[PDB]
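S.K.:
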Amino acid sequence: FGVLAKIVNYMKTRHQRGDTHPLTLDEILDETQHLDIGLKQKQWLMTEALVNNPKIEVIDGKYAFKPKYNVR
Amino acid sequence: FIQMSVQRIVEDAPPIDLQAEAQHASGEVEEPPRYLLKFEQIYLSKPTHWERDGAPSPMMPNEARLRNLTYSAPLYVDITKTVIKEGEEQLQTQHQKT
Amino acid sequence: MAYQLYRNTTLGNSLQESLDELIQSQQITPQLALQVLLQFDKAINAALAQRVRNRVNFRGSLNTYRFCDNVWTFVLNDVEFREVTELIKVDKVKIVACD
Amino acid sequence: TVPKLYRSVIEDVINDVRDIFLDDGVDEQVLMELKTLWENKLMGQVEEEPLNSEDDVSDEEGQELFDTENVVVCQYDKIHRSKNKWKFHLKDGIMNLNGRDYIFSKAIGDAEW
Amino acid sequence: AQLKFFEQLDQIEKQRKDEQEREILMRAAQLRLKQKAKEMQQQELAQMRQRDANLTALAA
Amino acid sequence: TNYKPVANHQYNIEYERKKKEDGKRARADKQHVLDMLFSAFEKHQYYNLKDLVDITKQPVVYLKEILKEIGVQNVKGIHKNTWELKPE
Amino acid sequence: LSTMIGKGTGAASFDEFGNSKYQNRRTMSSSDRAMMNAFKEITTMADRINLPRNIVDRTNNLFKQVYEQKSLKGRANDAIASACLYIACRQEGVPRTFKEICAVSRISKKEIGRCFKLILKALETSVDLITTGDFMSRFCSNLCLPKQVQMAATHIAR
Amino acid sequence: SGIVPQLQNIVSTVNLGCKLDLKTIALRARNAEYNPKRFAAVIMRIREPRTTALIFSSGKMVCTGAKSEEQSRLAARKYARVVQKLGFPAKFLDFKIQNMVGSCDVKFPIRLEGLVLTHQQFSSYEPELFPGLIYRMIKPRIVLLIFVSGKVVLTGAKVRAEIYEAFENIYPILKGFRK
Amino acid sequence: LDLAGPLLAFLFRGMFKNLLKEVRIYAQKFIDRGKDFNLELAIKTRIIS
């Protein structure tokens, strides 16, 4: 679950890049040096619990658009 | 008063029990040490006056009257201190004539 | 994920070579090999800590030393390892220490 | 002596890895094969910026690269030095001198720099 | 492989029995919950313990 | 015998020896400190700065900087305003 | 320029759940509270070795001068108080050893000595060098030696 | 006077002008040690100048142990060149001698009691704390440790001239208290 | 009739309770820090006298 908040921080720096694009969890876990096993499944249960309260927006489809106010 | 009541007042007082407030935030299975103090065996010396040099000397009553000193005697208590740190060993150090 | 000192010795090298052979034969997975190495490190640390009860001495001269992350890397020359039962002479030695 | 300690270490290692071999679901024959192979394998410069004015101010760095000479790996409790000499309370550890291995509990060392 | 699936189902029954056959011992004096809590605590130690391994490998 | 002249009190020398042996907490790399912080938060949601310092074993200023980068202080009815380890 | 309030009588003084004195009185400033605590510590330390009140007053004045001068603001209060007590004993002509002052103060001998040097520099004053005869009376009396033995020891040392 | 103090230690600070990685320096250097729990810098020693230098991540370095100004500068340059060999852009900027220490003997016992009585404004003699008398000279900002055996140690000097001048000032005073 | 003895006994009861209270407080501070407080320093001699 802590690694999950770390993924949130990662996507926050991703916003900071400005190259935010519709993504998924596997590529982030790879780029953050973490694996894809049943651990990813339990942390994805936690991640969907996050999707129930993702003030930092994490939607399932085309997503990650956190800022409630966002133009450039 | 001096012979009985002072000693009885010292003995009647409950022993001092002290322990830390969950120090170090560790497993804390009674980890904070317990310090127990028990006062005993009160002793009184003869009236004594300590000079500016710090050298003790007997104080005669007339000298107290002339120099406006107070006619008093030192009061000493044996104190036993026990440390219980849950290390399976308790050490009971004794301090004589405090 | 342990102290990892004795891996770079005769014993650790032999264990690593055996694990490499089994990996080449596909008999064991690399994760299993790493787990075996970790368990070996634990067991060897415990064994040296417990079953060794002998006191040794040595003297000599120091030519280099390094320290980082609580790891000493002394480099001595013309060392004489003296023990009550036997004496050993060595031209050079490297002492790696950790704690 | 040292071989006997090695055999005891073998017993400890196999006992310690049995539980992992059960956890990972791998058959126990792996441990037997591992032990067999392991045993077989064992037995006036005003403008001072340029530093090139001095050369050969170092020594050969190949000693640490080689490491072929004798190597001692242990743990240290206290290490003191007083302006000339290095003093060593190295605790239980292992030594590799001339191939033959040595085992110790307390190691005391004095060296000069 | 089908037999291995059956053995895994048996291990699931064995863990339920062990957790519940004494979630009762605690009551007589939640076991699964306690185990989960214990597992949660190690994670922090493990990594503090673990990355030291990475630097020690670099050091030696 | 009372109040005998001593160079330094015994308890003080013991405490000083313990502190010297322990040493000052070192400033570790940002990545490892962040990972430890995230695991700590995984334990449960709310942490006080003092015990978080104990858990992380990092300098208070460095830990405060790293925590201000991601975490946020919430004023709460628990006892006081404390840190929140959730970045959002 | 302050006062304080008590319980008074039993009626409206205590209110809904025992308000007490409406409050707690809450008086003063740190530039005086720290000095007050230091004065209390000085009296305690002096009574531990039965120092006379004149030495206590000299110590209090020395501490006031040092505290207002503020070159030792970084040093812990008790160290300053202990060094001031040592200096007052030296100026009064009845020196106590640094170990003797440390025996009654929680501050170590090294810190007491450092603060003593700093206080000497801040006050721009000096203390007469100690002689073997200064400690003869106290040492002999604590050892319960006869007067002739004390005289012999003083003469031998001198 | 016929006596000249001899330098026993010189402290010099020089800025390399570039940030450094202390862990990398510790791993790659020869005689360097790095214990961030104990001290925040890296301690390195070179035997040929027989000196020790502390290297900080800010790029500033302090060199101590040199018996001469030239030895101090050469040792600092050698440490900078070692760091440069480790790949860093180390330079030699604003090298300066922060402190110098000298020692000498007057060859006669000295009555420190009379000395402190005469020069109480500059003297500080506390046998409880330290057996040597501490003299704080004003015209040169030098602190002198005078001992009953006659040994005199001077410290706090930026240049050798300060050491020599301070000894020249103190020698007649000491001659006035010869035991 | 309360003579000198009983009156001084009452006063000494009060002051010894206060002395033990002060020892409790002073030792508790050091115990919280983890230092092994000195008993002689804890006793405030001025209270009784």
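Protein chains in written order, with the deposited numbering: chain A, 75 to 146; chain B, 50 to 147; chain C, 1 to 99; chain D, 9 to 51, 307 to 376; chain E, 942 to 970, 981 to 1011; chain F, 151 to 238; chain G, 80 to 237; chain H, 159 to 337; chain I, 393 to 441.
We treat Cβ as the ideally placed atom computed from N, Cα and C, and that holds for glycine.
Out of curiosity, what's the CA-to-CA distance linking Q145 of chain B and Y153 of chain F?
M.R.: Roughly 12 Å separates the two Cα atoms.
S.K.: Counting Cβ pairs closer than 8 Å, one from the stretch 365–374 of chain D and one from the stretch 953–968 of chain E, do we hit at least three?
M.R.: These segments do not touch.
S.K.: Beta carbon of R294 of chain H: closer than 7 Å to some heavy atom of the ligand NAP?
M.R.: No copy of the ligand NAP appears in this structure; indeed no ligand is present at all.
S.K.: List, in order along the chain, the chain F residues whose C-beta lies closer than 8 Å to that of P194 of chain H?
M.R.: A176 and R177, listed in chain order.
S.K.: In whole angstroms, give me the CA-to-CA distance for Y329 of chain H and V173 of chain G.
M.R.: Whole-angstrom Cα-Cα distance: 34 Å.
S.K.: Please compile the residues from chain H whose C-beta is within a distance smaller than 7 Å of the C-beta of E312 of chain D.
M.R.: Under the 7 Å cutoff, chain H gives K249 and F250.
S.K.: If the cut is a Cβ gap below 7 Å, which residues of chain D does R239 of chain H touch?
M.R.: The answer, in chain order, is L314, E317 and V320.
S.K.: If distances are taken between C-alpha atoms only, which option among G:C163, G:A91 and G:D126 comes closest to residue 240 of chain G?
M.R.: Residue 240 of chain G is absent from the structure shown; chain G starts at 80 and stops at 237.
S.K.: Return helix, strand or coil for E317 of chain D, following the three-state DSSP convention.
M.R.: Coil, per DSSP.
S.K.: How many Å lie between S230 of chain H and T171 of chain H at the Cα?
M.R.: Cα-Cα distance, rounded: 10 Å.
S.K.: Using the three-state DSSP reduction, which class does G227 of chain F fall into: helix, strand or coil?
M.R.: Note: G227 of chain F maps to coil in three-state DSSP.
S.K.: Report the residues of the stretch 163–180 of chain G with a CB closer than 9 Å to any CB of chain H, ordered along the chain.
M.R.: Answer in chain order: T176, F177 and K178.
S.K.: May I ask which residues mark the beginning and end of the alpha helix (DSSP H) holding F329 of chain D?
M.R.: From DSSP, the alpha helix (DSSP H) with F329 of chain D extends over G325 to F329.
S.K.: Which of the residues in the stretch 63–83 of chain C, read from start to end, lie with their CB under 7 Å from any CB of chain E?
M.R.: Correct list: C68, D69 and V71.
S.K.: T1007 of chain E to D179 of chain F, Cα distance in whole Å?
M.R.: Computed Cα separation, rounded: 15 Å.
S.K.: Just verifying my parser: in three-state terms, what is the DSSP assignment at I304 of chain H?
M.R.: Three-state DSSP puts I304 of chain H in a strand.
S.K.: Mind checking if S187 of chain G is an interface residue toward chain F, Cβ cutoff 8 Å exclusive?
M.R.: With 8 Å as the cut-off, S187 of chain G counts as an interface residue toward chain F.
S.K.: So, under 8 Å CB-CB, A97 of chain C and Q338 of chain D are touching, yes? Tell me the CB distance rounded to an integer number of Å.
M.R.: The pair is a contact, with the Cβ atoms about 6 Å apart (cut-off 8 Å).
S.K.: Could you check whether the Cβ of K95 of chain B sits closer than 8 Å to any Cβ belonging to chain F?
M.R.: No, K95 of chain B lies away from the interface with chain F (no Cβ there is under 8 Å from its Cβ).
S.K.: Measuring straight from C-alpha to C-alpha, what distance separates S316 of chain D and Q308 of chain D?
M.R.: Cα-Cα distance, rounded: 9 Å.
S.K.: Quick one, are the C-beta atoms of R127 of chain G and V206 of chain G less than 8 Å apart?
M.R.: Contact: no.
S.K.: Note down, one range per segment and in chain order, each beta strand (DSSP E) of at least 3 residues found wholly within the stretch 136–187 of chain G.
M.R.: Taking only runs of at least 3 residues, no beta strand (DSSP E) segment lies wholly in the stretch 136–187 of chain G.
S.K.: Using a threshold of 8 Å, state whether the C-beta atoms of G372 of chain D and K348 of chain D are closer than that.
M.R.: Against a cut-off of 8 Å, the Cβ pair of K348 of chain D and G372 of chain D comes out as no contact.
S.K.: Could you name the residues of the same chain whose beta carbon sits closer than 6 Å to that of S81 of chain G, not counting the 5 residues immediately before and after it, in chain order?
M.R.: Closer than 6 Å at the Cβ level, and outside the excluded window around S81 of chain G, lie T106.
S.K.: Since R188 of chain H and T64 of chain C are thought to touch, with beta carbons under 8 Å apart, how far apart are those beta carbons, to the nearest angstrom?
M.R.: So it is a contact: roughly 5 Å between Cβ atoms.
S.K.: Compare the C-beta of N347 of chain D with all C-beta atoms of chain C and state if any pair is closer than 8 Å.
M.R.: By this cut-off, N347 of chain D is not an interface position.
S.K.: Say whether chain I places a C-beta atom closer than 8 Å to the C-beta of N198 of chain F.
M.R.: No, because no Cβ of chain I sits closer than 8 Å to the Cβ of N198 of chain F.
S.K.: Please list, in chain order, the residues of the stretch 199–230 of chain F that have any C-beta partner in chain A closer than 8 Å.
M.R.: Residues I220.
S.K.: Only counting the same chain, and skipping five residues up and downstream in sequence, which positions put a Cβ closer than 7 Å to that of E190 of chain G?
M.R.: Once the five neighbours on either side are set aside, the close Cβ partners of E190 of chain G are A158.
S.K.: For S261 of chain H, go through chain G and note every residue whose CB falls closer than 9 Å to its CB, in chain order.
M.R.: Neighbours of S261 of chain H on chain G: none; closest Cβ ~23 Å, over 9 Å.
S.K.: For the stretch 122–156 of chain G, which residues have a CB atom closer than 7 Å to at least one CB atom of chain I, in sequence order?
M.R.: The residues in question are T122, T123, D126 and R127.
S.K.: Going by the beta-carbon positions, is the gap between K243 of chain H and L174 of chain H smaller than 8 Å?
M.R.: Not in contact: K243 of chain H and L174 of chain H (Cβ atoms no closer than 8 Å).
S.K.: Could one say the Cβ of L399 of chain I lies closer than 8 Å to chain G's Cβ atoms, at least one of them?
M.R.: Taking Cβ atoms only, chain G never reaches closer than 8 Å to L399 of chain I, which makes this a no.
S.K.: When the cut-off is 8 Å and only beta carbons count, does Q242 of chain H lie next to chain D?
M.R.: Yes, because at least one Cβ of chain D sits closer than 8 Å to the Cβ of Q242 of chain H.
S.K.: As a quick exercise: from I:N430, I:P398 and I:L400, pick the residue whose alpha carbon is nearest that of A419 of chain I.
M.R.: The shortest Cα separation from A419 of chain I among I:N430, I:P398 and I:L400 belongs to I:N430.
S.K.: Assuming the contact rule is C-beta atoms closer than 8 Å, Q31 of chain C and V38 of chain D should be a hit. Round their C-beta distance to whole Å, please.
M.R.: About 13 Å; that fails the 8 Å criterion.
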